[PDB]
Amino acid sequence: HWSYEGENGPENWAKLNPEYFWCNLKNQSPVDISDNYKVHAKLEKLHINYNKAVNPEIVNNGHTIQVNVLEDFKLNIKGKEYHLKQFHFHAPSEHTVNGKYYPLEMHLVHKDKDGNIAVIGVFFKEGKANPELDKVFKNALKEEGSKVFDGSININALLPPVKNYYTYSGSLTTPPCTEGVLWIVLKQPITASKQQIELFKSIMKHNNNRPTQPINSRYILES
């Protein structure tokens, strides 16, 4: 089984299972979003409205706290119609901006009818507490397992008002590290209280962010 340290750490994920060959390729995530290879461009506007997920499932799978939604929220971008499947968290953040780590990163995982994946990343900096985050972190089991949250979560409240973003072609950040992933990282971080961030970290017991990967021949676009 893979982990974020030791023999089964990120550096040896590709050795754990034949299906993890992707982890050693040339278009991996996360990456350092650097001005060195970031270019500004007129990009498609992000149109999403994740109203609210009613009675979503909160899962502790040992590697993160994930929320599986029952609704069918659509993300239409780059000629595809992706459907939100779940969002989860990483602490510290996986992506960095000019070398800077944020204390928390949320990933909204979408998939289209053909299995294509798009992930929207949201950075969280310490500050005013976020209402929705308590619903997730305080109702997450401390041990591996799932639980149905008796209530609803306003996902829009887990997103910044302005949705300018960075985008690049990458991969899943945990085995099998499949590539061909469409990454959309919102430029504006929102806030989470120190207690919310520490609660998540204390549940995980360890950092669950994959080291940044070489950008190689890719450029990152910024809207």
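Numbering starts at 1 and runs along the sequence shown.
Task: Entry-level comparison of average CA B-factors, 154 to 162 and 171 to 179, reporting the higher stretch - done: Mean B over CA atoms: larger for 154 to 162.
TODO: May I ask you to compare 116 to 124 and 69 to 77 by their mean CA B factor in the entry and name the higher one?
DONE: Stretch with the higher mean C-alpha B-factor: 69 to 77.
Task: Highest-ranked of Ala91, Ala140, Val97, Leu84 once sorted by CA temperature factor in the record - done: Highest C-alpha B-factor among the listed residues goes to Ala140.
Task: Residue with highest C-alpha B-factor in the PDB entry, from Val59, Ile48, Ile33, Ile184 - done: Max CA B-factor in the entry, restricted to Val59, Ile48, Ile33, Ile184: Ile48.
Open item on the list: Using only modelled residues of the chain, where does the Cα B factor of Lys205 rank: lowest third, middle third or highest third?
Closed with: According to the entry, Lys205 has a C-alpha B-factor in the chain's highest third.
Open item on the list: Ranking the modelled residues of this chain by C-alpha B-factor as given in the entry, is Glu132 in the lowest, middle or highest third?
Closed with: Its C-alpha B-factor, which the entry lists for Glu132, ranks in the highest third among residues of this chain.
TODO: Could you look up the Cα B-factor of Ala14 in the entry and say which third of the chain it sits in: lowest, middle or highest?
DONE: For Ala14, whose C-alpha B-factor we compare with every modelled residue in the chain, the answer is the highest third.
Task: Chain third (lowest, middle, highest) by recorded CA B-factor, residue given as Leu25 - done: Middle third, going by the recorded CA B-factors of the chain.
Open item on the list: For the chain shown, is the CA B-factor of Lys147 in the lowest, middle or highest third of its modelled residues?
Closed with: Tercile = highest for this residue's CA B-factor.
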